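Peer 1: The structure's right below; bear with me while I get my questions together.
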Amino acid sequence: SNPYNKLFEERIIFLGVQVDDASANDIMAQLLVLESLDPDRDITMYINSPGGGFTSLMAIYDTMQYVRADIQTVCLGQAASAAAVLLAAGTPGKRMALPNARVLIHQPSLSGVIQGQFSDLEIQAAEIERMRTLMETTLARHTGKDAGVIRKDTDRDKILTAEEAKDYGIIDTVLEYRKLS
Amino acid sequence: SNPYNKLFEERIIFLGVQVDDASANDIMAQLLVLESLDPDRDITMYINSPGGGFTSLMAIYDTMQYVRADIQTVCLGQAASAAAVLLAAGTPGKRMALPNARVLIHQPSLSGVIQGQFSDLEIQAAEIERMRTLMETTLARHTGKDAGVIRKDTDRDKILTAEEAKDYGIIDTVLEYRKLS
Amino acid sequence: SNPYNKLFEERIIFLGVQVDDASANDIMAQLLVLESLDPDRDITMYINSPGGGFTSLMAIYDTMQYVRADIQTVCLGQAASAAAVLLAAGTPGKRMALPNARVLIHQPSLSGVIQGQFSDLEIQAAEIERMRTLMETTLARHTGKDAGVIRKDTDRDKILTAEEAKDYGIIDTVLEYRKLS
Amino acid sequence: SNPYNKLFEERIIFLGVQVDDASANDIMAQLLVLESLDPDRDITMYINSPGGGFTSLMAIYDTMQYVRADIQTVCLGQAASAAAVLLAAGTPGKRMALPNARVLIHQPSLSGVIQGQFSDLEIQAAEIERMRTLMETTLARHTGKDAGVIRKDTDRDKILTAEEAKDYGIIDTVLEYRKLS
Amino acid sequence: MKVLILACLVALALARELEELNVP
Amino acid sequence: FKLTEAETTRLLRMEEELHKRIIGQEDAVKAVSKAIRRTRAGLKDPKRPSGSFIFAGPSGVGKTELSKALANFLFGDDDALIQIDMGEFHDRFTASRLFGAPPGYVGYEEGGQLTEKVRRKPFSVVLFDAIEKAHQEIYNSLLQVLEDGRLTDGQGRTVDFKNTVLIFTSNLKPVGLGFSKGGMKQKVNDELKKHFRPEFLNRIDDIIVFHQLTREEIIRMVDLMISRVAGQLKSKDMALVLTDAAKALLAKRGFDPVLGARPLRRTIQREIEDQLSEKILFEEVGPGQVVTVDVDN
Ligand SMILES: Nc1ncnc2c1ncn2[C@@H]1O[C@H](COP(=O)(O)OP(=O)(O)OP(=O)(O)O)[C@@H](O)[C@H]1O
Ligand SMILES: CC(C)C[C@H](NC(=O)[C@H](Cc1ccccc1)NC(=O)c1cnccn1)B(O)O
Ligand SMILES: CC(C)C[C@H](NC(=O)[C@H](Cc1ccccc1)NC(=O)c1cnccn1)B(O)O
Ligand SMILES: CC(C)C[C@H](NC(=O)[C@H](Cc1ccccc1)NC(=O)c1cnccn1)B(O)O
Ligand SMILES: CC(C)C[C@H](NC(=O)[C@H](Cc1ccccc1)NC(=O)c1cnccn1)B(O)O
Ligand SMILES: [Mg+2]
């Protein structure tokens, strides 16, 4: 067994890589297996991800909201873009983050230019607008902010230190070091 | 066993990747095995796909319509282009989608330019027209729309939220979260 | 075991990929093994191929004509160019196709330009002409057409729907869906 | 078993490669497994890394500070950029380095240009400034320097020989050769 | 390992009582 | 024989008399009550047994209790239930307890512990408790039992299992794998297809997958289990009376969908009849006194 197989025996999934469809289908497959192995024991989800992806975000957003088990998110070094939404998507009272982890909340973007007629670009922009409102509505029900506050805050990159990510509501506890180590 | 091997034991196939011939032959091989293991137990088909491919669409469209088992489609984060047709291609009463999954119905396109004489391009265009009518005839027998309504709706990209994809007829139930999680 | 290993236990080979020498030597190795395992039980050959290749076509054309077992071809989503010849190359009474599979019969081409002196190009063109006549002579003994009819029909791309591929003689039955599914 | 599997049985992890997210998630998975196998036995961490990465640094900085086991860092040939911070991040009294290992402490940089509006670049620069202060605050609590001294020292590349890396406070012992060898 | 012992009970080898032939 | 006027009315009351013990499980009762109506209307198949059931379902919802409510209905006690505890049969060779030893082996004279229970009582409810926990060819010895209606003894006597009602209570935690709306019976039905050999499933007359005990049925189950401790175990000139808030408190503590009626039974021996057993030994309330149970909080 790997370490990654050993953490999964203790119901811990790594996000680790960026949230694309390949990573989202991995995490959804891991969240549903861990739901079936013990639905009343908390899945822990370690997040060191640079973000990326919205449908892949909302694939593993909805799955960690679907499953019978409570999700404990732990931000390791980084939760940027989509991964900060997944960090807030843990169960309240859960959602740890290590003390030097940065949390980068950020409005949705298009990676590169997508061409098309203006009637096709009015739809790709009505979609990136409803991707923006869905990013802010999701992040408001998990941080307790007012979803126009998040639109003002995620208007640019807002890098949150873990101590000011629990003041923002992204996490709940900046988890302390166990032994001085 | 992987998680993907574990979901397949519970008769769940991921679409996951885009629908190309490599992915279509995988899903057809999975649909026929799950038909042979238990033909009277519902195959579930998880769809997080960005679409693509029409012959690869109609390869796994026809197979999930062929097999003795009812197909339960579940849109995870995305069912775009060909995958939205596969999402509607589930059994009626089945066809779930997660609440923040987008469904992108979309008329067939050519990825890039295909050259040729005009007598060769009158045939590639009579084919992309009958690919368009077959996309609309398939999506009309599964949504209950009138197939000219779908031509008006899929004239551009029509991104459907899951709540308005069951109003459209693509899915039947926006499936609720099990525990608050 | 994979699904592909499971279909091969039930004497089913996928064409799946395009017909090149790597795919042709795979299918010939699979056809000869399935001939040796049970020579009086029908090999099924699933065809979702975009075609390509003539010597690789006639490698697995001749092998599926060689073997003691009858070959049942099934067009999944596509049988283009060479693969449509392999689709017609099944045993008469066999040769199914799924209802939304397209069959693209097509005269042989050269992928890209091959240079040379004119005395070398008179031979590459006498070869692509006898590749054309061999494509039409093969497709006439399996469809019952008159081989000048096929020269008129495959003069351009002739995409056949499965319902009009049995009228053409490429397949014999458009195979019905088992359960509504 | 590999040698790398054999060193991990003796609770030794290699840093080895540069600190990116792929390497950080490996080391965090290794540090948490070795914490769970025996939390009161010292994890040794071999560092031959060229550095790189700040969130990946602070991912495995925080983990080696989190775990119940004391971390013994050993610089093999090189601890540059982030890896020198990880070298100082070992337990005091631990933190060896081989006699010809160089330690390159270095202020954070951006690999290549990141574009954007000036209001977006005021935030990427307020982040690389707080990445700089966090690099200096971390390296001051582990070397005993005054964190403005480190800003003066890491203003350029400061390559420390192991004998002058214990005078700097990065390591504690330049570990002697066992047998003349 | 899961080799069963097969008791194989014999039929009863038992004594016999006697009718006797009367004499003077 | 042609039925007494009383026995005719009781047998049309057979659902509502088996519901005096079985709370809920309505299609479970009217599948096993119809099997007795077939036997007594003279419509029993004279080759097939009278009833052949797999009472599959969740653990604790009344699989064994319906087999005991059936045996009390047909006999007057549930000690007339022939209960073969199939957890004892863990390997292939304990099938020699169903029909006894073959010739030339010890235990040949005793000739089976199921066949000889039915030679004495051919009209019997034969319970096979936890048939899933038998070996894969214990129940392959019952493939002539459930069509031909007889089992050949090791001594050489075919015994009539025709007038028996065979019951195979199989035992089939929260939600399964993956996305699904709501939240089941087809999961239990097809697990029988994977565990049991479908030769055995075709011989079963009815496969009944049992229901979750609803909260409206746990409230009725409180009244049944308090009726155990009073009247049979409080024949000490003591009377046990529960207020309607007290039975509501027991139902709110004993109700978990996934187990059913044993967490209620563990609740009553944690709230009621262990606090009551401390009050009898201390003689706070003792013999010759009516106990009322007010609600605690
Ligand atoms: N339907 C029921 N009616 C009355 N009491 C019930 C019922 N179901 C459960 N109980 C109570 O809980 C006990 C458990 O019922 P039963 O013995 O039938 O369990 P079971 O369903 O066979 O479970 P298992 O899977 O463990 O065999 C009963 O003896 C009774 O006290
Ligand atoms: C903050 C959350 C919402 C995610 C952030 N941005 C997005 O929403 C991502 C950014 C992205 C990633 C890859 C390719 C294109 C765009 N948006 C999308 O995935 C996306 C997809 N289709 C249309 C529009 N946006 B993150 O990636 O910065
Ligand atoms: C909506 C369904 C029908 C599928 C959508 N479009 C198509 O039909 C796809 C789009 C596509 C994908 C890959 C390469 C070229 C073209 N069309 C085809 O596959 C295709 C293939 N041959 C000729 C014409 N179209 B999807 O890919 O946007
Ligand atoms: C019925 C089939 C054979 C018709 C078409 N295929 C071909 O003609 C293929 C396509 C191809 C592949 C490689 C190099 C050149 C050409 N023809 C040949 O294999 C080929 C090979 N050598 C000389 C001439 N043609 B189809 O696949 O487009
Ligand atoms: C000394 C420690 C802090 C690490 C050193 N520098 C950094 O902090 C690294 C240098 C680096 C590496 C890869 C890609 C881009 C930038 N900083 C970062 O990783 C980084 C990441 N996001 C924004 C700004 N800096 B090392 O890489 O020279
Ligand atoms: Mg029981």
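How things are named: the first chain in the structure tokens is A, the next is B, and so on; residues count from 1 in each chain; ligands count from 1 in the order shown.
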Enumerate, as a list in words, the complete set of residues in range 123-161 of chain D that a backbone-based DSSP assignment places in strand (DSSP E).

Peer 2: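 Strand (DSSP E) assignments inside range 123-161 of chain D correspond to residues 158, 159, 160 and 161 of chain D.
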
Peer 1: How would the residues just picked look written out with N, CA and C atoms as a PDB file, in the first residue's frame?

Peer 2:
```
ATOM      1  N   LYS D 158      22.037  33.584  -0.809  1.00  0.00           N
ATOM      2  CA  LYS D 158      23.063  33.382   0.198  1.00  0.00           C
ATOM      3  C   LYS D 158      23.324  31.891   0.254  1.00  0.00           C
ATOM      4  N   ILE D 159      24.347  31.442  -0.457  1.00  0.00           N
ATOM      5  CA  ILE D 159      24.689  30.031  -0.432  1.00  0.00           C
ATOM      6  C   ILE D 159      25.529  29.780   0.803  1.00  0.00           C
ATOM      7  N   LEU D 160      25.031  28.934   1.680  1.00  0.00           N
ATOM      8  CA  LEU D 160      25.718  28.583   2.904  1.00  0.00           C
ATOM      9  C   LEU D 160      26.334  27.206   2.740  1.00  0.00           C
ATOM     10  N   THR D 161      27.639  27.121   2.961  1.00  0.00           N
ATOM     11  CA  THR D 161      28.271  25.846   3.251  1.00  0.00           C
ATOM     12  C   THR D 161      27.693  25.318   4.562  1.00  0.00           C
TER      13      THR D 161
END
```

Peer 1: Quick one: which residues from chain A are at most 8 Å off chain D, using only C-alpha atoms, as a PyMOL selection string?

Peer 2: chain A and resi 3-4+6-7+16-17+48-49+76-78+98-102+156-159+176-181

Peer 1: For the residues selected in the previous step, produce a file with N, CA and C atoms as a PDB file, in the first residue's frame.

Peer 2:
```pdb
ATOM      1  N   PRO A   3       1.238   5.432   0.864  1.00  0.00           N
ATOM      2  CA  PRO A   3       0.615   6.344   1.821  1.00  0.00           C
ATOM      3  C   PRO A   3      -0.776   6.786   1.417  1.00  0.00           C
ATOM      4  N   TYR A   4      -1.018   7.057   0.130  1.00  0.00           N
ATOM      5  CA  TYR A   4      -2.344   7.487  -0.309  1.00  0.00           C
ATOM      6  C   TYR A   4      -3.389   6.409  -0.113  1.00  0.00           C
ATOM      7  N   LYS A   6      -3.110   4.364   2.379  1.00  0.00           N
ATOM      8  CA  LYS A   6      -3.212   4.298   3.827  1.00  0.00           C
ATOM      9  C   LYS A   6      -4.069   5.423   4.380  1.00  0.00           C
ATOM     10  N   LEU A   7      -3.990   6.618   3.788  1.00  0.00           N
ATOM     11  CA  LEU A   7      -4.863   7.699   4.229  1.00  0.00           C
ATOM     12  C   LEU A   7      -6.311   7.428   3.860  1.00  0.00           C
ATOM     13  N   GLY A  16      -5.238  17.783  -3.719  1.00  0.00           N
ATOM     14  CA  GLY A  16      -3.864  17.721  -4.171  1.00  0.00           C
ATOM     15  C   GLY A  16      -3.581  18.346  -5.519  1.00  0.00           C
ATOM     16  N   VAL A  17      -4.080  17.734  -6.584  1.00  0.00           N
ATOM     17  CA  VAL A  17      -3.949  18.253  -7.935  1.00  0.00           C
ATOM     18  C   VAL A  17      -5.037  19.290  -8.161  1.00  0.00           C
ATOM     19  N   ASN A  48      -4.839  20.698  -1.143  1.00  0.00           N
ATOM     20  CA  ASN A  48      -3.654  21.447  -1.524  1.00  0.00           C
ATOM     21  C   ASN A  48      -3.761  21.804  -2.993  1.00  0.00           C
ATOM     22  N   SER A  49      -4.892  22.310  -3.376  1.00  0.00           N
ATOM     23  CA  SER A  49      -5.117  22.406  -4.799  1.00  0.00           C
ATOM     24  C   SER A  49      -5.014  23.839  -5.281  1.00  0.00           C
ATOM     25  N   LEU A  76      -4.108  22.448   3.148  1.00  0.00           N
ATOM     26  CA  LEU A  76      -2.746  22.073   3.500  1.00  0.00           C
ATOM     27  C   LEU A  76      -1.791  23.233   3.272  1.00  0.00           C
ATOM     28  N   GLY A  77      -1.659  23.655   2.026  1.00  0.00           N
ATOM     29  CA  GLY A  77      -0.811  24.779   1.717  1.00  0.00           C
ATOM     30  C   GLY A  77      -1.555  25.817   0.922  1.00  0.00           C
ATOM     31  N   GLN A  78      -2.605  25.389   0.234  1.00  0.00           N
ATOM     32  CA  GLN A  78      -3.263  26.248  -0.737  1.00  0.00           C
ATOM     33  C   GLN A  78      -4.664  25.731  -0.988  1.00  0.00           C
ATOM     34  N   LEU A  98      -4.278  24.399   8.017  1.00  0.00           N
ATOM     35  CA  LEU A  98      -2.979  24.522   8.644  1.00  0.00           C
ATOM     36  C   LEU A  98      -2.591  25.997   8.727  1.00  0.00           C
ATOM     37  N   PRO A  99      -1.761  26.389   9.710  1.00  0.00           N
ATOM     38  CA  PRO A  99      -1.600  27.825  10.001  1.00  0.00           C
ATOM     39  C   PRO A  99      -0.959  28.653   8.910  1.00  0.00           C
ATOM     40  N   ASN A 100      -0.186  28.054   8.017  1.00  0.00           N
ATOM     41  CA  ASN A 100       0.433  28.811   6.944  1.00  0.00           C
ATOM     42  C   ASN A 100      -0.172  28.484   5.595  1.00  0.00           C
ATOM     43  N   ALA A 101      -1.369  27.921   5.585  1.00  0.00           N
ATOM     44  CA  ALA A 101      -2.079  27.702   4.342  1.00  0.00           C
ATOM     45  C   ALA A 101      -2.749  28.987   3.894  1.00  0.00           C
ATOM     46  N   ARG A 102      -2.589  29.315   2.622  1.00  0.00           N
ATOM     47  CA  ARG A 102      -3.267  30.450   2.024  1.00  0.00           C
ATOM     48  C   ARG A 102      -4.547  29.967   1.366  1.00  0.00           C
ATOM     49  N   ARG A 156     -11.436  40.785  -7.011  1.00  0.00           N
ATOM     50  CA  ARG A 156     -10.064  40.483  -7.357  1.00  0.00           C
ATOM     51  C   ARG A 156      -9.679  39.211  -6.622  1.00  0.00           C
ATOM     52  N   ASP A 157      -8.412  38.832  -6.712  1.00  0.00           N
ATOM     53  CA  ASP A 157      -7.916  37.752  -5.873  1.00  0.00           C
ATOM     54  C   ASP A 157      -7.894  38.207  -4.428  1.00  0.00           C
ATOM     55  N   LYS A 158      -8.491  37.423  -3.552  1.00  0.00           N
ATOM     56  CA  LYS A 158      -8.433  37.704  -2.128  1.00  0.00           C
ATOM     57  C   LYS A 158      -7.723  36.530  -1.485  1.00  0.00           C
ATOM     58  N   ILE A 159      -6.425  36.672  -1.268  1.00  0.00           N
ATOM     59  CA  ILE A 159      -5.673  35.609  -0.624  1.00  0.00           C
ATOM     60  C   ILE A 159      -5.868  35.745   0.873  1.00  0.00           C
ATOM     61  N   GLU A 176      -4.079  23.548  15.458  1.00  0.00           N
ATOM     62  CA  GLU A 176      -2.821  23.736  16.152  1.00  0.00           C
ATOM     63  C   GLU A 176      -1.895  22.563  15.891  1.00  0.00           C
ATOM     64  N   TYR A 177      -0.607  22.807  16.068  1.00  0.00           N
ATOM     65  CA  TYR A 177       0.391  21.760  15.948  1.00  0.00           C
ATOM     66  C   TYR A 177       0.273  20.803  17.126  1.00  0.00           C
ATOM     67  N   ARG A 178       0.409  19.501  16.859  1.00  0.00           N
ATOM     68  CA  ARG A 178       0.197  18.525  17.924  1.00  0.00           C
ATOM     69  C   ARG A 178       1.358  18.490  18.904  1.00  0.00           C
ATOM     70  N   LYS A 179       2.535  18.094  18.448  1.00  0.00           N
ATOM     71  CA  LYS A 179       3.744  18.242  19.238  1.00  0.00           C
ATOM     72  C   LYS A 179       4.621  19.224  18.487  1.00  0.00           C
ATOM     73  N   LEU A 180       5.480  19.926  19.246  1.00  0.00           N
ATOM     74  CA  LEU A 180       6.281  21.060  18.777  1.00  0.00           C
ATOM     75  C   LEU A 180       7.052  20.738  17.501  1.00  0.00           C
ATOM     76  N   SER A 181       7.640  19.540  17.431  1.00  0.00           N
ATOM     77  CA  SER A 181       8.122  18.898  16.202  1.00  0.00           C
ATOM     78  C   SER A 181       9.128  19.710  15.380  1.00  0.00           C
TER      79      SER A 181
END
```

Peer 1: Once you count only C-alpha atoms, which residues of chain B turn out to be within 8 Å of chain F? Could you give them as a PDB file with N, CA and C atoms, in the first residue's frame?

Peer 2:
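Dumped everything to out_29.pdb:
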```pdb
ATOM      1  N   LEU B   7     -17.362   1.016  -7.989  1.00  0.00           N
ATOM      2  CA  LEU B   7     -18.631   1.509  -8.507  1.00  0.00           C
ATOM      3  C   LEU B   7     -19.187   0.588  -9.580  1.00  0.00           C
ATOM      4  N   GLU B  10     -21.154  -2.190  -8.226  1.00  0.00           N
ATOM      5  CA  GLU B  10     -22.499  -1.716  -7.959  1.00  0.00           C
ATOM      6  C   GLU B  10     -23.164  -1.159  -9.204  1.00  0.00           C
ATOM      7  N   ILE B  12     -22.317   0.829 -11.766  1.00  0.00           N
ATOM      8  CA  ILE B  12     -22.210   2.242 -12.065  1.00  0.00           C
ATOM      9  C   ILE B  12     -21.041   2.430 -13.008  1.00  0.00           C
ATOM     10  N   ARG B  41     -31.239  -5.624 -13.550  1.00  0.00           N
ATOM     11  CA  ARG B  41     -30.852  -4.697 -12.502  1.00  0.00           C
ATOM     12  C   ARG B  41     -30.283  -3.455 -13.161  1.00  0.00           C
ATOM     13  N   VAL B  74     -26.962   9.989 -14.294  1.00  0.00           N
ATOM     14  CA  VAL B  74     -26.809  10.997 -13.258  1.00  0.00           C
ATOM     15  C   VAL B  74     -25.782  11.996 -13.752  1.00  0.00           C
ATOM     16  N   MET B  96     -31.360  11.211 -13.085  1.00  0.00           N
ATOM     17  CA  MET B  96     -31.126  12.208 -12.059  1.00  0.00           C
ATOM     18  C   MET B  96     -30.094  13.222 -12.533  1.00  0.00           C
ATOM     19  N   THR B 173     -35.504  14.027 -12.089  1.00  0.00           N
ATOM     20  CA  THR B 173     -35.409  14.483 -10.712  1.00  0.00           C
ATOM     21  C   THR B 173     -34.062  15.139 -10.490  1.00  0.00           C
ATOM     22  N   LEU B 175     -31.751  15.365  -7.827  1.00  0.00           N
ATOM     23  CA  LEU B 175     -31.765  14.493  -6.667  1.00  0.00           C
ATOM     24  C   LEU B 175     -31.212  15.220  -5.452  1.00  0.00           C
ATOM     25  N   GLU B 176     -31.919  15.072  -4.340  1.00  0.00           N
ATOM     26  CA  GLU B 176     -31.668  15.809  -3.118  1.00  0.00           C
ATOM     27  C   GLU B 176     -30.449  15.253  -2.408  1.00  0.00           C
ATOM     28  N   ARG B 178     -28.444  13.651   0.597  1.00  0.00           N
ATOM     29  CA  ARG B 178     -28.905  12.637   1.542  1.00  0.00           C
ATOM     30  C   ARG B 178     -28.820  13.116   2.981  1.00  0.00           C
TER      31      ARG B 178
END
```

Peer 1: Within 10 Å of range 92-103 of chain F, counting only C-alpha atoms, which residues qualify if same-chain residues fewer than 4 places away don't, as JSON, numbers by chain?

Peer 2: {"E": [2, 4, 8, 9], "F": [84, 86, 88, 107, 108, 109, 110, 111, 112, 113, 114, 115, 116, 134, 135, 136, 137, 138, 139, 140, 141, 142, 151, 152, 153, 154, 155, 156, 157, 159]}

Peer 1: Find the spatial neighbours of residue 251 in chain F, counting only C-alpha atoms, within a cut-off of 9 Å - ignore same-chain residues fewer than 3 positions away - and output them as a PyMOL selection string.

Peer 2: chain F and resi 215-216+218-222+246-248+254-255+264+267

Peer 1: Hey, can you spit out that residue selection with N, CA, C and O atoms as a CSV table (one decimal), in the first residue's frame?

Peer 2:
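Contents of again_39.csv, freshly written:
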```
chain,number,residue,atom,x,y,z
F,215,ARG,N,-42.4,4.9,12.2
F,215,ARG,CA,-42.5,5.4,13.6
F,215,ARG,C,-44.0,5.2,14.1
F,215,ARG,O,-44.2,5.0,15.3
F,216,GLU,N,-44.9,5.2,13.2
F,216,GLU,CA,-46.3,4.8,13.6
F,216,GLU,C,-46.5,3.4,13.9
F,216,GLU,O,-47.5,3.0,14.6
F,218,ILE,N,-43.7,1.8,15.5
F,218,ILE,CA,-43.0,1.6,16.7
F,218,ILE,C,-43.8,2.0,17.9
F,218,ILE,O,-43.7,1.4,19.0
F,219,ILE,N,-44.7,3.0,17.8
F,219,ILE,CA,-45.6,3.4,18.8
F,219,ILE,C,-46.5,2.2,19.2
F,219,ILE,O,-46.8,1.9,20.3
F,220,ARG,N,-47.0,1.5,18.2
F,220,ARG,CA,-47.7,0.3,18.4
F,220,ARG,C,-46.9,-0.9,18.9
F,220,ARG,O,-47.4,-1.8,19.5
F,221,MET,N,-45.6,-0.8,18.6
F,221,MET,CA,-44.7,-1.9,19.1
F,221,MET,C,-44.3,-1.7,20.6
F,221,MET,O,-44.0,-2.7,21.3
F,222,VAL,N,-44.4,-0.4,21.1
F,222,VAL,CA,-44.2,-0.2,22.5
F,222,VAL,C,-45.3,-0.9,23.3
F,222,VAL,O,-45.0,-1.5,24.3
F,246,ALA,N,-45.3,8.5,28.2
F,246,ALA,CA,-44.3,7.6,28.4
F,246,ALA,C,-44.1,6.6,27.3
F,246,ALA,O,-42.9,6.2,27.0
F,247,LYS,N,-45.2,6.2,26.6
F,247,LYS,CA,-45.0,5.3,25.4
F,247,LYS,C,-44.5,6.2,24.3
F,247,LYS,O,-43.9,5.6,23.4
F,248,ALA,N,-44.8,7.5,24.2
F,248,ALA,CA,-44.2,8.3,23.2
F,248,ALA,C,-42.7,8.5,23.4
F,248,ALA,O,-42.0,8.7,22.4
F,254,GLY,N,-36.5,4.4,20.8
F,254,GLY,CA,-36.4,3.1,20.2
F,254,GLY,C,-36.5,3.1,18.7
F,254,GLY,O,-36.5,2.0,18.1
F,255,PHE,N,-36.6,4.3,18.1
F,255,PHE,CA,-36.9,4.3,16.6
F,255,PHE,C,-35.6,4.6,15.8
F,255,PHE,O,-35.2,5.8,15.8
F,264,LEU,N,-35.8,-0.7,20.2
F,264,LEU,CA,-36.9,-0.4,21.1
F,264,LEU,C,-36.9,-1.4,22.3
F,264,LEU,O,-37.1,-1.0,23.4
F,267,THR,N,-34.3,-0.4,24.6
F,267,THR,CA,-34.7,0.9,25.3
F,267,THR,C,-35.5,0.6,26.5
F,267,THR,O,-35.4,1.2,27.6
```

Peer 1: Quick one: distance from atom 14 (C, counted along the ligand's line) of ligand 3 to CA of residue 45 in chain B in Å, one decimal?

Peer 2: 22.9 Å

Peer 1: Show which residues sit within 9 Å of residue 10 in chain E, as a list in words. Count only C-alpha atoms, and ignore same-chain residues fewer than 5 positions away.

Peer 2: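 Residues near the query, excluding close chain neighbours: residues 104, 105 and 106 of chain F.
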
Peer 1: Keeping only N, CA, C and O atoms, write those residues as a PDB file, in the first residue's frame.

Peer 2:
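Everything below was put into out.pdb:
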```
ATOM      1  N   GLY F 104     -23.738 -46.886   8.047  1.00  0.00           N
ATOM      2  CA  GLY F 104     -22.364 -47.182   8.380  1.00  0.00           C
ATOM      3  C   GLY F 104     -21.652 -46.107   9.149  1.00  0.00           C
ATOM      4  O   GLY F 104     -20.422 -46.124   9.210  1.00  0.00           O
ATOM      5  N   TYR F 105     -22.378 -45.160   9.729  1.00  0.00           N
ATOM      6  CA  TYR F 105     -21.770 -44.042  10.429  1.00  0.00           C
ATOM      7  C   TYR F 105     -22.543 -43.802  11.712  1.00  0.00           C
ATOM      8  O   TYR F 105     -23.686 -44.236  11.851  1.00  0.00           O
ATOM      9  N   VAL F 106     -21.905 -43.134  12.664  1.00  0.00           N
ATOM     10  CA  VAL F 106     -22.529 -42.929  13.964  1.00  0.00           C
ATOM     11  C   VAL F 106     -23.610 -41.869  13.814  1.00  0.00           C
ATOM     12  O   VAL F 106     -23.543 -41.006  12.931  1.00  0.00           O
TER      13      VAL F 106
END
```

Peer 1: Where does DSSP see helix (DSSP H, G or I) in range 66-130 of chain A, if you list the residues as a list in words?

Peer 2: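 Restricting range 66-130 of chain A to helix (DSSP H, G or I) produces residues 66, 82, 83, 84, 85, 86, 87, 88, 118, 119, 120, 121, 122, 123, 124, 125, 126, 127, 128, 129 and 130 of chain A.
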
Peer 1: Just the selected residues (N, CA and C atoms), exported as a compact mmCIF listing (two decimals), in the first residue's frame, please.

Peer 2:
```
# COMPACT_ATOMS: atom_id res chain seq x y z
N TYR A 66 -23.57 15.75 -1.03
CA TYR A 66 -24.55 14.68 -1.16
C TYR A 66 -24.40 13.64 -0.08
N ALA A 82 -11.32 27.26 -7.23
CA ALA A 82 -12.36 26.27 -6.91
C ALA A 82 -12.08 25.56 -5.59
N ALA A 83 -10.81 25.40 -5.23
CA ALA A 83 -10.54 24.59 -4.05
C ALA A 83 -10.91 25.31 -2.77
N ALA A 84 -10.95 26.64 -2.79
CA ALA A 84 -11.41 27.40 -1.64
C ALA A 84 -12.90 27.22 -1.43
N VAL A 85 -13.64 27.01 -2.51
CA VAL A 85 -15.06 26.72 -2.40
C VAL A 85 -15.26 25.34 -1.79
N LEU A 86 -14.41 24.39 -2.17
CA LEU A 86 -14.45 23.05 -1.59
C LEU A 86 -14.00 23.06 -0.14
N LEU A 87 -13.11 23.98 0.21
CA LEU A 87 -12.68 24.12 1.59
C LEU A 87 -13.81 24.62 2.47
N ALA A 88 -14.57 25.60 1.98
CA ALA A 88 -15.74 26.05 2.70
C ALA A 88 -16.87 25.04 2.65
N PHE A 118 -21.40 36.98 -31.50
CA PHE A 118 -21.81 37.67 -30.29
C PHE A 118 -23.02 37.03 -29.64
N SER A 119 -23.90 36.42 -30.43
CA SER A 119 -25.02 35.70 -29.85
C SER A 119 -24.56 34.42 -29.16
N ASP A 120 -23.42 33.89 -29.55
CA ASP A 120 -22.81 32.77 -28.85
C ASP A 120 -21.99 33.24 -27.66
N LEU A 121 -21.47 34.46 -27.71
CA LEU A 121 -20.72 35.01 -26.60
C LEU A 121 -21.59 35.66 -25.55
N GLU A 122 -22.83 36.04 -25.89
CA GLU A 122 -23.78 36.45 -24.87
C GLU A 122 -24.20 35.29 -23.99
N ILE A 123 -24.05 34.06 -24.47
CA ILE A 123 -24.41 32.87 -23.73
C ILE A 123 -23.24 32.35 -22.91
N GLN A 124 -22.03 32.43 -23.46
CA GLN A 124 -20.85 32.09 -22.68
C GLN A 124 -20.59 33.10 -21.58
N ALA A 125 -21.11 34.31 -21.71
CA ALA A 125 -20.99 35.31 -20.67
C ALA A 125 -22.14 35.29 -19.69
N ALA A 126 -23.33 34.91 -20.14
CA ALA A 126 -24.40 34.62 -19.20
C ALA A 126 -24.12 33.37 -18.41
N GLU A 127 -23.27 32.48 -18.92
CA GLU A 127 -22.86 31.32 -18.16
C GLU A 127 -21.76 31.64 -17.17
N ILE A 128 -20.75 32.42 -17.57
CA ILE A 128 -19.72 32.80 -16.62
C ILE A 128 -20.26 33.79 -15.60
N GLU A 129 -21.38 34.44 -15.89
CA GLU A 129 -22.04 35.22 -14.85
C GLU A 129 -22.80 34.32 -13.89
N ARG A 130 -23.51 33.31 -14.39
CA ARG A 130 -24.18 32.43 -13.44
C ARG A 130 -23.21 31.46 -12.79
```
